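Participant: One structure, as structure tokens, below. Some questions next.
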Amino acid sequence: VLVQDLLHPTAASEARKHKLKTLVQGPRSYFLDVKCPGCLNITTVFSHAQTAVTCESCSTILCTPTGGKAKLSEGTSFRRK
Amino acid sequence: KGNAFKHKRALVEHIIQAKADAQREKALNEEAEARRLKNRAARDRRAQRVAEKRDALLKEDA
Amino acid sequence: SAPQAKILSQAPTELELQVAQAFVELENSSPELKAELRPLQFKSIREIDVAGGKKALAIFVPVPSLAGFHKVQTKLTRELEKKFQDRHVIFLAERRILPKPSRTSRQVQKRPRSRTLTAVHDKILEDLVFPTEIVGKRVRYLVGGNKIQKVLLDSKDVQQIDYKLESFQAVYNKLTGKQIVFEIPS
Amino acid sequence: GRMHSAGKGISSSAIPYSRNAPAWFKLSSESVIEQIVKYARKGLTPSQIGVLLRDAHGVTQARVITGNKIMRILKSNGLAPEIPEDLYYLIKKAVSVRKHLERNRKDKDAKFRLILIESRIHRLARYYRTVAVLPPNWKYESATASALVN
Amino acid sequence: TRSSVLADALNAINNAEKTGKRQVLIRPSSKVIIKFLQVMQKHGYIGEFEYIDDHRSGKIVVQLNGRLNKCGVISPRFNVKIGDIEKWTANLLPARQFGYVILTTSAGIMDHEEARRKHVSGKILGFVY
RNA sequence: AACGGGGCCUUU
Ligand SMILES: [Mg+2]
Ligand SMILES: [Mg+2]
Ligand SMILES: [Mg+2]
Ligand SMILES: [Mg+2]
Ligand SMILES: [Mg+2]
Ligand SMILES: [Zn+2]
């Protein structure tokens with residue numbers, strides 16, 4: 001810790017750092033793609049859900065909002081892109 | 001009753017002038033309200049100039 | 001209606017026309033490669049020396065049409081680069097640039113930010129690469145004082161430009177007079 | 001730091017580096033705006049419009065992918081409200097802090113907190129007046145404000 | 001609130017290089033930082049610097065070679081006559097031999113000697129040595 | 001060769 005690389009820092013330390021504290025502030029949030037217990041229709045849901053999102057018809061509960069990433073319900077799928 | 005008007009004249013000269021106000025701005029929200037549907041029309045007539053020859057040129061080139 | 005000389009505009013020239021007749025041959029295959037490729041045309045074209053064993057071909061565009069030029073793009077450059085070898089095909093934008101007013105340039109008509117020199121150059125390096133959205137950038141200021149704008153390219157599906165980096169570097173040099181270097185995530 | 005409190009807290013939203021995209025979207029921008037005004041003609045604030053859009057409908061930002069920003073969208077569709085939700089919620093709060101204060105005038109914290117909210121309102125309105133979005137008269141006033149909510 | 005943006009920079013530079021570090025992270029980046037950083041680096045008192053693009057006002061990374069005593073700023077940026085550059089240069093510079101008072105003329109950023117040859121002048125900016 | 005002053009071209 002005298003001379004180091006600020007231009008090319010390791011992502012080992014940079015990914016445990018703060019969202020604003022990376023060399024360029026990144027979003028730490030992602031986007032799912034989800035279905036029902038019984039339905040194929042794919043909802044595009046945000047990783048941290050302030051709203052309680054529904055899958056459209058038959059008025060389901062996909063996720064209950066938290067102080068953070070939404071808490072999903074029982075079982076259903078997810079894909080991070 | 002709040003002693004706003006010295007005599008009877010100053011009450012009508014205020015009423016008159018007052019009607020001459022809200023009807024002066026009724027005609028501004030007429031004329032300046034007219035050029036809004038001039039440019040929701042003349043601007044959306046240009047949406048059927050540019051989009052009706054592109055509708056055509058997709059069909060008209062076979 | 002003449003298909004061959006409509007699609008360009010000035011009058012000329014023998015190479016600009018040669019590339020035009022190449023689109024014509026691609027304008028007949030399948031039903032959808034015709035009428036969708038039909039409306040998409042281009043302005044003039046420059047050819048400038050690349051220090052490699054090839055040259056660079058700049059196709060300028062009126063830029064409403066980068067909307068549909070992008071929709072094909074790679075479809076054409078996985079084709080037009082087979083049509084013309086020892087040459088590198090690029091799709092640019094002829095967007096105008098209004099200078100910086102003081103006195104010798106005077107009296108209003110504003111200056112929207114697109115049409116600004118620096119903001120425009122940043123949209124040329126967006127259109128030299130066209131796929132592979134840039135994930136970051138930076139600029140080195142030399143010890144002689146000059147610059148290298150270090151363009152940090154994406155990774156996923158970068159192989160389409162994986163070679164031509166010289167040809168993008170040579171384009172921005174024959175325009176801006178300042179240099180470029182690319183890179184990736186390790 | 002904070003204006004009207006002690007805190008220095010930096011909790012915020014950190015936007016990604018992209019001026020276009022994401023690629024997985026494919027949602028055809030004109031379809032987005034319809035969903036915006038589907039919510040807007042149903043009367044949802046542009047702050048809370050992008051709350052559902054970003055969540056339910058998978059929109060990173062209205063800034064990109066619509067070319068334009070939510071209230072600057074609603075404005076172009078003629079759904080622009082009377083006052084910005086900036087002032088609106090500031091007034092919407094201060095009013096209720098006064099209504100609660102009419103029943104309790106020995107509650108001195110709200111009296112003190114009132115002065116904070118009200119000072120914000122006048123400083124915001126001055127700005128909004130300066131940049132012309134508000135009529136140069138305007139001037140929020142206590143007993144006419146419960147009309148600006150209801 | 002952050003009011004100089006340049007003085008916030010030259011401090012961070014001056015700080016670390018006086019604690020022995022070779023590299024410094026500046027933010028945000030004024031074009032006036034850059035022109036100052038230029039005259040610094042071209043006169044040797046610092047190394048080479050790399051602009052960083054956020055979607056924000058952007059950062060910088062400056063390599064420190066040592067050898068730099070102080071980089072600084074005069075806020076307010078005074079108006080300076082030409083004869084009054086001599087009375088500035090005698091004040092904050094270590095010796096008449098070396099050292100640089102850096103102004104901002106209508107011709108743009110430069111040092112006091114570079115100003116003297118051109119016979120221009122402007123507002124003051126900072127110093128380097 | 002260090003530096004200074006005046007004009008062209010580069011989408012002006
Ligand atoms: Mg009267
Ligand atoms: Mg802070
Ligand atoms: Mg305070
Ligand atoms: Mg205060
Ligand atoms: Mg912010
Ligand atoms: Zn459901």
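Chain labels follow the order of the structure tokens: the first chain is A, the next B, and so on; residue numbering restarts at 1 in every chain, and ligands are counted from 1 in their shown order.
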Could you list the protein, DNA and RNA residues that have any atom within 8 Å of ligand 5, counting only C-alpha atoms (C1' of nucleotides) and all ligand atoms, and write them as a list in words?
Facilitator: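 Checking only C-alpha atoms (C1' of nucleotides) and all ligand atoms against ligand 5 at 8 Å gives residues 12, 13 and 14 of chain D.
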Participant: Write down, as a ChimeraX atom specification, each residue of chain C that has any atom within 12 Å of an atom of chain B, counting only C-alpha atoms.
Facilitator: /C:1-3,31-32,34-40
Participant: Residues of chain E within 6 Å of chain C, using only C-alpha atoms, as number ranges by chain?
Facilitator: E: 48-53
Participant: Residues of chain E were defined as contacting chain A if any atom lay at most 8 Å from it, counting only C-alpha atoms; please report them as JSON, numbers by chain.
Facilitator: {"E": [20, 21, 22, 23, 25, 54, 61]}
Participant: What are the residues of chain D lining chain A at 8 Å or less? Count only C-alpha atoms, and put the answer as JSON, numbers by chain.
Facilitator: {"D": [13, 14, 15, 16, 17, 24, 51, 52, 54, 55, 56, 57, 58]}
Participant: If you run DSSP on the backbone, which residues of range 1-149 of chain D are helix (DSSP H, G or I), as an mmCIF file with N, CA and C atoms, in the first residue's frame?
Facilitator:
```
data_model
loop_
_atom_site.group_PDB
_atom_site.id
_atom_site.type_symbol
_atom_site.label_atom_id
_atom_site.label_comp_id
_atom_site.auth_asym_id
_atom_site.auth_seq_id
_atom_site.Cartn_x
_atom_site.Cartn_y
_atom_site.Cartn_z
ATOM 1 N N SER D 29 -40.300 0.427 -28.173
ATOM 2 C CA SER D 29 -40.529 1.597 -27.328
ATOM 3 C C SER D 29 -41.948 2.159 -27.355
ATOM 4 N N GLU D 30 -42.596 2.178 -28.524
ATOM 5 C CA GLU D 30 -43.950 2.724 -28.592
ATOM 6 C C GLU D 30 -44.927 1.934 -27.728
ATOM 7 N N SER D 31 -44.684 0.631 -27.540
ATOM 8 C CA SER D 31 -45.509 -0.146 -26.619
ATOM 9 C C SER D 31 -45.290 0.290 -25.178
ATOM 10 N N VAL D 32 -44.083 0.753 -24.854
ATOM 11 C CA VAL D 32 -43.792 1.197 -23.494
ATOM 12 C C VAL D 32 -44.633 2.418 -23.147
ATOM 13 N N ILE D 33 -44.579 3.446 -24.000
ATOM 14 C CA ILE D 33 -45.282 4.699 -23.734
ATOM 15 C C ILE D 33 -46.760 4.442 -23.484
ATOM 16 N N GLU D 34 -47.360 3.548 -24.275
ATOM 17 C CA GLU D 34 -48.755 3.187 -24.046
ATOM 18 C C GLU D 34 -48.963 2.696 -22.621
ATOM 19 N N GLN D 35 -48.027 1.892 -22.106
ATOM 20 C CA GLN D 35 -48.146 1.411 -20.734
ATOM 21 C C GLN D 35 -47.907 2.529 -19.730
ATOM 22 N N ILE D 36 -47.074 3.506 -20.089
ATOM 23 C CA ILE D 36 -46.870 4.668 -19.231
ATOM 24 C C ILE D 36 -48.173 5.438 -19.075
ATOM 25 N N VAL D 37 -48.794 5.797 -20.202
ATOM 26 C CA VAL D 37 -50.035 6.564 -20.173
ATOM 27 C C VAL D 37 -51.239 5.700 -19.817
ATOM 28 N N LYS D 38 -51.147 4.379 -19.988
ATOM 29 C CA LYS D 38 -52.139 3.494 -19.386
ATOM 30 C C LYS D 38 -52.159 3.674 -17.872
ATOM 31 N N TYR D 39 -50.982 3.871 -17.277
ATOM 32 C CA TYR D 39 -50.883 4.174 -15.857
ATOM 33 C C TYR D 39 -51.176 5.645 -15.583
ATOM 34 N N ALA D 40 -50.791 6.523 -16.511
ATOM 35 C CA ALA D 40 -50.911 7.954 -16.266
ATOM 36 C C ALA D 40 -52.355 8.420 -16.382
ATOM 37 N N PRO D 46 -45.385 10.060 -12.084
ATOM 38 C CA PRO D 46 -44.203 9.586 -12.828
ATOM 39 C C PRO D 46 -43.109 8.973 -11.959
ATOM 40 N N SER D 47 -42.975 9.395 -10.699
ATOM 41 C CA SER D 47 -42.079 8.695 -9.783
ATOM 42 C C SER D 47 -42.511 7.243 -9.611
ATOM 43 N N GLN D 48 -43.791 7.022 -9.305
ATOM 44 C CA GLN D 48 -44.317 5.684 -9.076
ATOM 45 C C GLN D 48 -44.728 4.977 -10.362
ATOM 46 N N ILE D 49 -44.666 5.659 -11.511
ATOM 47 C CA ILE D 49 -44.860 4.981 -12.792
ATOM 48 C C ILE D 49 -43.657 4.105 -13.109
ATOM 49 N N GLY D 50 -42.459 4.692 -13.079
ATOM 50 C CA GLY D 50 -41.231 3.928 -13.216
ATOM 51 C C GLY D 50 -40.953 2.977 -12.070
ATOM 52 N N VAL D 51 -41.722 3.062 -10.982
ATOM 53 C CA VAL D 51 -41.643 2.056 -9.926
ATOM 54 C C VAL D 51 -42.250 0.742 -10.403
ATOM 55 N N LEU D 52 -43.420 0.809 -11.041
ATOM 56 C CA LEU D 52 -44.023 -0.400 -11.591
ATOM 57 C C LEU D 52 -43.382 -0.794 -12.916
ATOM 58 N N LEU D 53 -43.105 0.176 -13.791
ATOM 59 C CA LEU D 53 -42.476 -0.140 -15.072
ATOM 60 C C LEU D 53 -41.155 -0.867 -14.874
ATOM 61 N N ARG D 54 -40.259 -0.287 -14.076
ATOM 62 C CA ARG D 54 -38.975 -0.930 -13.831
ATOM 63 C C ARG D 54 -39.158 -2.306 -13.206
ATOM 64 N N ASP D 55 -40.155 -2.456 -12.339
ATOM 65 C CA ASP D 55 -40.369 -3.750 -11.699
ATOM 66 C C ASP D 55 -41.127 -4.696 -12.624
ATOM 67 N N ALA D 56 -42.422 -4.437 -12.819
ATOM 68 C CA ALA D 56 -43.296 -5.418 -13.459
ATOM 69 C C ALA D 56 -42.971 -5.593 -14.933
ATOM 70 N N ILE D 70 -40.125 10.244 -17.876
ATOM 71 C CA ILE D 70 -41.537 9.919 -17.649
ATOM 72 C C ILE D 70 -42.410 11.171 -17.608
ATOM 73 N N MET D 71 -42.100 12.114 -16.716
ATOM 74 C CA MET D 71 -42.951 13.297 -16.623
ATOM 75 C C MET D 71 -42.808 14.174 -17.860
ATOM 76 N N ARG D 72 -41.600 14.229 -18.433
ATOM 77 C CA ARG D 72 -41.401 14.872 -19.722
ATOM 78 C C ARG D 72 -42.073 14.093 -20.841
ATOM 79 N N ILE D 73 -42.458 12.844 -20.575
ATOM 80 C CA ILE D 73 -43.345 12.109 -21.473
ATOM 81 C C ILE D 73 -44.793 12.511 -21.229
ATOM 82 N N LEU D 74 -45.276 12.306 -19.995
ATOM 83 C CA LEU D 74 -46.638 12.691 -19.630
ATOM 84 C C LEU D 74 -46.968 14.108 -20.080
ATOM 85 N N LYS D 75 -46.003 15.022 -19.964
ATOM 86 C CA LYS D 75 -46.206 16.399 -20.408
ATOM 87 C C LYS D 75 -46.515 16.460 -21.899
ATOM 88 N N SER D 76 -45.749 15.723 -22.710
ATOM 89 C CA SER D 76 -45.959 15.712 -24.155
ATOM 90 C C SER D 76 -47.278 15.056 -24.549
ATOM 91 N N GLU D 85 -44.813 17.019 -8.674
ATOM 92 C CA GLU D 85 -44.935 16.194 -7.479
ATOM 93 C C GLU D 85 -43.861 16.528 -6.454
ATOM 94 N N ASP D 86 -42.788 17.194 -6.878
ATOM 95 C CA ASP D 86 -41.845 17.799 -5.952
ATOM 96 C C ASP D 86 -42.594 18.611 -4.910
ATOM 97 N N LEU D 87 -43.120 19.760 -5.340
ATOM 98 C CA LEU D 87 -43.937 20.583 -4.460
ATOM 99 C C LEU D 87 -45.125 19.803 -3.931
ATOM 100 N N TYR D 88 -45.784 19.037 -4.805
ATOM 101 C CA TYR D 88 -47.058 18.424 -4.459
ATOM 102 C C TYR D 88 -46.943 17.624 -3.172
ATOM 103 N N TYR D 89 -46.000 16.685 -3.133
ATOM 104 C CA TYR D 89 -45.848 15.876 -1.932
ATOM 105 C C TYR D 89 -45.340 16.702 -0.762
ATOM 106 N N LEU D 90 -44.506 17.711 -1.025
ATOM 107 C CA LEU D 90 -44.114 18.630 0.037
ATOM 108 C C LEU D 90 -45.334 19.310 0.646
ATOM 109 N N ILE D 91 -46.209 19.855 -0.202
ATOM 110 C CA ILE D 91 -47.450 20.439 0.294
ATOM 111 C C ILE D 91 -48.326 19.357 0.908
ATOM 112 N N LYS D 92 -48.466 18.230 0.199
ATOM 113 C CA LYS D 92 -49.309 17.130 0.659
ATOM 114 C C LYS D 92 -48.950 16.716 2.077
ATOM 115 N N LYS D 93 -47.664 16.770 2.407
ATOM 116 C CA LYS D 93 -47.215 16.475 3.758
ATOM 117 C C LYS D 93 -47.529 17.625 4.702
ATOM 118 N N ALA D 94 -46.954 18.797 4.426
ATOM 119 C CA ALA D 94 -47.107 19.947 5.312
ATOM 120 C C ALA D 94 -48.555 20.149 5.729
ATOM 121 N N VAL D 95 -49.492 19.978 4.790
ATOM 122 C CA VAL D 95 -50.908 20.119 5.115
ATOM 123 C C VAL D 95 -51.276 19.204 6.270
ATOM 124 N N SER D 96 -50.986 17.911 6.120
ATOM 125 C CA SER D 96 -51.348 16.950 7.153
ATOM 126 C C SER D 96 -50.617 17.227 8.458
ATOM 127 N N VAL D 97 -49.405 17.782 8.380
ATOM 128 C CA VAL D 97 -48.697 18.143 9.602
ATOM 129 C C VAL D 97 -49.376 19.324 10.281
ATOM 130 N N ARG D 98 -50.071 20.173 9.513
ATOM 131 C CA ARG D 98 -50.822 21.277 10.107
ATOM 132 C C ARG D 98 -52.172 20.815 10.639
ATOM 133 N N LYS D 99 -52.864 19.953 9.884
ATOM 134 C CA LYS D 99 -54.139 19.401 10.340
ATOM 135 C C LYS D 99 -53.969 18.679 11.667
ATOM 136 N N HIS D 100 -52.935 17.843 11.764
ATOM 137 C CA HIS D 100 -52.566 17.241 13.039
ATOM 138 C C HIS D 100 -52.210 18.300 14.074
ATOM 139 N N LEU D 101 -51.626 19.421 13.639
ATOM 140 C CA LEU D 101 -51.278 20.507 14.552
ATOM 141 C C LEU D 101 -52.486 21.311 15.018
ATOM 142 N N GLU D 102 -53.563 21.360 14.231
ATOM 143 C CA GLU D 102 -54.768 22.035 14.703
ATOM 144 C C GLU D 102 -55.362 21.340 15.926
ATOM 145 N N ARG D 103 -55.252 20.012 16.007
ATOM 146 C CA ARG D 103 -55.743 19.323 17.198
ATOM 147 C C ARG D 103 -54.756 19.425 18.357
ATOM 148 N N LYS D 108 -44.907 20.529 19.949
ATOM 149 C CA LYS D 108 -43.993 21.535 19.453
ATOM 150 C C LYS D 108 -43.039 20.990 18.409
ATOM 151 N N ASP D 109 -42.839 19.673 18.381
ATOM 152 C CA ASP D 109 -41.952 19.092 17.381
ATOM 153 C C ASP D 109 -42.510 19.298 15.976
ATOM 154 N N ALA D 110 -43.797 18.978 15.781
ATOM 155 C CA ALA D 110 -44.441 19.197 14.488
ATOM 156 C C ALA D 110 -44.450 20.674 14.116
ATOM 157 N N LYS D 111 -44.723 21.548 15.091
ATOM 158 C CA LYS D 111 -44.579 22.983 14.878
ATOM 159 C C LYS D 111 -43.193 23.312 14.343
ATOM 160 N N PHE D 112 -42.159 22.733 14.961
ATOM 161 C CA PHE D 112 -40.802 22.926 14.470
ATOM 162 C C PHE D 112 -40.584 22.205 13.144
ATOM 163 N N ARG D 113 -41.083 20.972 13.018
ATOM 164 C CA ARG D 113 -40.955 20.266 11.747
ATOM 165 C C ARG D 113 -41.755 20.951 10.651
ATOM 166 N N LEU D 114 -42.866 21.595 11.015
ATOM 167 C CA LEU D 114 -43.624 22.374 10.043
ATOM 168 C C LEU D 114 -42.733 23.414 9.378
ATOM 169 N N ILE D 115 -41.994 24.173 10.186
ATOM 170 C CA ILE D 115 -41.120 25.210 9.650
ATOM 171 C C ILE D 115 -40.119 24.624 8.665
ATOM 172 N N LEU D 116 -39.670 23.388 8.894
ATOM 173 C CA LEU D 116 -38.757 22.768 7.942
ATOM 174 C C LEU D 116 -39.462 22.483 6.625
ATOM 175 N N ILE D 117 -40.617 21.817 6.690
ATOM 176 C CA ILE D 117 -41.336 21.472 5.469
ATOM 177 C C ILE D 117 -41.734 22.729 4.717
ATOM 178 N N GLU D 118 -42.244 23.726 5.436
ATOM 179 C CA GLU D 118 -42.698 24.945 4.780
ATOM 180 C C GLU D 118 -41.543 25.683 4.119
ATOM 181 N N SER D 119 -40.397 25.764 4.797
ATOM 182 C CA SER D 119 -39.238 26.413 4.195
ATOM 183 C C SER D 119 -38.838 25.721 2.901
ATOM 184 N N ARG D 120 -38.880 24.389 2.890
ATOM 185 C CA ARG D 120 -38.613 23.656 1.660
ATOM 186 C C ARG D 120 -39.604 24.039 0.569
ATOM 187 N N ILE D 121 -40.882 24.169 0.926
ATOM 188 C CA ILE D 121 -41.907 24.475 -0.068
ATOM 189 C C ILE D 121 -41.612 25.809 -0.737
ATOM 190 N N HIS D 122 -41.302 26.824 0.067
ATOM 191 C CA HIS D 122 -41.062 28.150 -0.488
ATOM 192 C C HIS D 122 -39.768 28.180 -1.294
ATOM 193 N N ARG D 123 -38.749 27.442 -0.853
ATOM 194 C CA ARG D 123 -37.511 27.410 -1.621
ATOM 195 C C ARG D 123 -37.710 26.666 -2.936
ATOM 196 N N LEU D 124 -38.482 25.577 -2.914
ATOM 197 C CA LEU D 124 -38.800 24.869 -4.150
ATOM 198 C C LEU D 124 -39.629 25.741 -5.079
ATOM 199 N N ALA D 125 -40.699 26.333 -4.548
ATOM 200 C CA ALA D 125 -41.563 27.177 -5.362
ATOM 201 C C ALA D 125 -40.794 28.342 -5.973
ATOM 202 N N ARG D 126 -39.875 28.948 -5.216
ATOM 203 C CA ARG D 126 -39.065 30.023 -5.782
ATOM 204 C C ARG D 126 -38.295 29.535 -7.000
ATOM 205 N N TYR D 127 -37.606 28.402 -6.862
ATOM 206 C CA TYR D 127 -36.973 27.776 -8.013
ATOM 207 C C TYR D 127 -37.976 27.608 -9.141
ATOM 208 N N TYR D 128 -39.020 26.822 -8.886
ATOM 209 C CA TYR D 128 -40.032 26.556 -9.898
ATOM 210 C C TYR D 128 -40.574 27.843 -10.509
ATOM 211 N N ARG D 129 -40.701 28.901 -9.704
ATOM 212 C CA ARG D 129 -41.082 30.193 -10.264
ATOM 213 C C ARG D 129 -39.970 30.763 -11.133
ATOM 214 N N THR D 130 -38.715 30.628 -10.699
ATOM 215 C CA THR D 130 -37.607 31.195 -11.462
ATOM 216 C C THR D 130 -37.526 30.593 -12.859
ATOM 217 N N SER D 142 -51.275 28.676 3.584
ATOM 218 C CA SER D 142 -51.754 27.644 4.496
ATOM 219 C C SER D 142 -53.174 27.177 4.212
ATOM 220 N N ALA D 143 -54.152 28.056 4.434
ATOM 221 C CA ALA D 143 -55.550 27.642 4.453
ATOM 222 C C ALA D 143 -56.144 27.428 3.066
ATOM 223 N N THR D 144 -55.443 27.801 1.997
ATOM 224 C CA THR D 144 -55.851 27.437 0.645
ATOM 225 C C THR D 144 -55.167 26.169 0.139
ATOM 226 N N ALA D 145 -54.252 25.593 0.933
ATOM 227 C CA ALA D 145 -53.437 24.461 0.498
ATOM 228 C C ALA D 145 -54.180 23.130 0.568
ATOM 229 N N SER D 146 -55.058 22.947 1.562
ATOM 230 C CA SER D 146 -55.858 21.727 1.655
ATOM 231 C C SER D 146 -56.762 21.535 0.446
ATOM 232 N N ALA D 147 -56.882 22.558 -0.406
ATOM 233 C CA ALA D 147 -57.465 22.401 -1.732
ATOM 234 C C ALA D 147 -56.465 21.821 -2.730
ATOM 235 N N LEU D 148 -55.166 22.099 -2.554
ATOM 236 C CA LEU D 148 -54.156 21.586 -3.478
ATOM 237 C C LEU D 148 -53.938 20.083 -3.331
ATOM 238 N N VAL D 149 -54.352 19.497 -2.214
ATOM 239 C CA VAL D 149 -54.473 18.048 -2.118
ATOM 240 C C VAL D 149 -55.881 17.664 -2.553
#
```
Participant: Given a cut-off of 12 Å, what residues near ligand 6 show up using only C-alpha atoms (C1' of nucleotides) and all ligand atoms, put as an NGL selection string?
Facilitator: (:A and (34-43 or 52-63 or 73 or 76)) or (:D and (56))
Participant: Taking only chain E into account, list the residues labelled strand (DSSP E) by DSSP (computed from the backbone), as a VMD selection string.
Facilitator: chain E and resid 23 to 26 49 to 53 59 to 63 71 to 73 100 to 105 108 to 111 122 to 128
Participant: Could you dump the residues just selected with C-alpha atoms as a PDB file, in the first residue's frame?
Facilitator:
```
ATOM      1  CA  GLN E  23      -0.550   7.658  -7.666  1.00  0.00           C
ATOM      2  CA  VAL E  24      -3.655   9.672  -6.914  1.00  0.00           C
ATOM      3  CA  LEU E  25      -7.376   9.425  -7.731  1.00  0.00           C
ATOM      4  CA  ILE E  26      -8.959  12.775  -8.651  1.00  0.00           C
ATOM      5  CA  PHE E  49      -2.444  11.226 -16.266  1.00  0.00           C
ATOM      6  CA  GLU E  50      -5.335   9.197 -17.677  1.00  0.00           C
ATOM      7  CA  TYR E  51      -8.829  10.681 -17.917  1.00  0.00           C
ATOM      8  CA  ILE E  52     -11.611   8.308 -16.865  1.00  0.00           C
ATOM      9  CA  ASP E  53     -15.089   8.396 -18.384  1.00  0.00           C
ATOM     10  CA  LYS E  59     -12.292  10.951 -12.778  1.00  0.00           C
ATOM     11  CA  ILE E  60      -8.513  11.130 -13.319  1.00  0.00           C
ATOM     12  CA  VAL E  61      -5.505   9.052 -12.210  1.00  0.00           C
ATOM     13  CA  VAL E  62      -2.214  10.956 -11.903  1.00  0.00           C
ATOM     14  CA  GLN E  63       1.154   9.229 -11.517  1.00  0.00           C
ATOM     15  CA  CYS E  71       0.771  22.465  -6.398  1.00  0.00           C
ATOM     16  CA  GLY E  72      -1.795  25.007  -5.305  1.00  0.00           C
ATOM     17  CA  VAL E  73      -4.586  27.384  -6.231  1.00  0.00           C
ATOM     18  CA  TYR E 100       5.823  28.592 -11.910  1.00  0.00           C
ATOM     19  CA  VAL E 101       2.937  30.978 -11.307  1.00  0.00           C
ATOM     20  CA  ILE E 102       0.176  29.666 -13.570  1.00  0.00           C
ATOM     21  CA  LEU E 103      -2.478  32.161 -14.698  1.00  0.00           C
ATOM     22  CA  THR E 104      -5.470  32.031 -17.015  1.00  0.00           C
ATOM     23  CA  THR E 105      -5.247  34.534 -19.858  1.00  0.00           C
ATOM     24  CA  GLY E 108      -5.764  30.352 -22.137  1.00  0.00           C
ATOM     25  CA  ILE E 109      -3.963  28.541 -19.357  1.00  0.00           C
ATOM     26  CA  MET E 110      -0.173  28.893 -19.133  1.00  0.00           C
ATOM     27  CA  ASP E 111       2.649  29.722 -16.717  1.00  0.00           C
ATOM     28  CA  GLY E 122      -5.678  37.340 -17.279  1.00  0.00           C
ATOM     29  CA  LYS E 123      -6.983  35.970 -14.011  1.00  0.00           C
ATOM     30  CA  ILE E 124      -4.681  34.011 -11.670  1.00  0.00           C
ATOM     31  CA  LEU E 125      -5.205  30.285 -11.136  1.00  0.00           C
ATOM     32  CA  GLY E 126      -2.644  28.409  -9.053  1.00  0.00           C
ATOM     33  CA  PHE E 127       1.008  27.499  -8.650  1.00  0.00           C
ATOM     34  CA  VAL E 128       3.422  24.625  -9.275  1.00  0.00           C
TER      35      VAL E 128
END
```
Participant: Write out as a list in words each polymer residue (protein, DNA or RNA) that has an atom no more than 12 Å from ligand 1, with only C-alpha atoms (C1' of nucleotides) and all ligand atoms counted.
Facilitator: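 Going residue by residue within 12 Å of ligand 1, we get residues 2, 3, 4, 5, 6, 7, 8, 9, 10, 11, 12, 13, 14, 15, 16, 17 and 18 of chain B.
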Participant: Let's have the selection written as a short mmCIF file (atom, residue, chain, number, x, y, z; two decimals), in the first residue's frame, with N, CA and C atoms.
Facilitator:
```
data_model
loop_
_atom_site.label_atom_id
_atom_site.label_comp_id
_atom_site.auth_asym_id
_atom_site.auth_seq_id
_atom_site.Cartn_x
_atom_site.Cartn_y
_atom_site.Cartn_z
N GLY B 2 -66.09 45.89 3.25
CA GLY B 2 -64.76 46.20 3.72
C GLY B 2 -64.30 47.56 3.24
N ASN B 3 -65.26 48.44 2.94
CA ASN B 3 -64.97 49.82 2.55
C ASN B 3 -64.09 49.87 1.30
N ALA B 4 -64.34 48.96 0.37
CA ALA B 4 -63.49 48.88 -0.80
C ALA B 4 -63.79 49.98 -1.82
N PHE B 5 -65.02 50.49 -1.84
CA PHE B 5 -65.45 51.34 -2.94
C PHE B 5 -65.99 52.65 -2.39
N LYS B 6 -65.30 53.74 -2.72
CA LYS B 6 -65.65 55.08 -2.26
C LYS B 6 -67.13 55.39 -2.48
N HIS B 7 -67.57 55.44 -3.74
CA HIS B 7 -68.97 55.72 -4.03
C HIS B 7 -69.55 54.69 -4.99
N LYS B 8 -70.77 54.94 -5.48
CA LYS B 8 -71.40 54.01 -6.42
C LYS B 8 -70.63 53.94 -7.73
N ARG B 9 -70.11 55.07 -8.20
CA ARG B 9 -69.34 55.06 -9.45
C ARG B 9 -68.13 54.14 -9.35
N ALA B 10 -67.34 54.29 -8.28
CA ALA B 10 -66.13 53.49 -8.15
C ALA B 10 -66.43 52.01 -8.03
N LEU B 11 -67.68 51.65 -7.73
CA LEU B 11 -68.04 50.24 -7.70
C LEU B 11 -68.29 49.70 -9.11
N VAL B 12 -68.99 50.46 -9.96
CA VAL B 12 -69.20 49.99 -11.33
C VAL B 12 -67.92 50.12 -12.14
N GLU B 13 -67.22 51.25 -12.02
CA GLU B 13 -65.95 51.40 -12.72
C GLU B 13 -64.97 50.28 -12.38
N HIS B 14 -65.12 49.66 -11.20
CA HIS B 14 -64.37 48.46 -10.86
C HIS B 14 -65.00 47.22 -11.50
N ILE B 15 -66.32 47.08 -11.40
CA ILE B 15 -67.00 45.93 -12.00
C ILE B 15 -66.75 45.89 -13.50
N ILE B 16 -67.04 47.00 -14.19
CA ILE B 16 -66.77 47.11 -15.62
C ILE B 16 -65.35 46.65 -15.92
N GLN B 17 -64.37 47.34 -15.34
CA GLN B 17 -62.97 47.00 -15.57
C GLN B 17 -62.68 45.54 -15.24
N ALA B 18 -63.36 44.97 -14.25
CA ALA B 18 -63.12 43.58 -13.90
C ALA B 18 -63.59 42.65 -15.02
#
```
Participant: Counting only C-alpha atoms (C1' of nucleotides), which residues of chain E sit at most 9 Å from some atom of chain F, and what is each one's closest atom pair with its distance in Å to one decimal, listed by chain and rising residue number, as JSON lines?
Facilitator:
```
{"residue": "E:114", "atom": "CA", "partner": "F:3", "partner_atom": "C1'", "distance": 8.9}
{"residue": "E:117", "atom": "CA", "partner": "F:4", "partner_atom": "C1'", "distance": 6.3}
{"residue": "E:118", "atom": "CA", "partner": "F:4", "partner_atom": "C1'", "distance": 6.4}
```
Participant: Mind writing the picked residues with C-alpha atoms as a tab-separated table (two decimals), in the first residue's frame?
Facilitator:
```tsv
chain	number	residue	atom	x	y	z
E	114	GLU	CA	4.96	31.64	-21.01
E	117	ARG	CA	6.87	36.11	-23.78
E	118	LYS	CA	3.40	36.33	-25.36
```
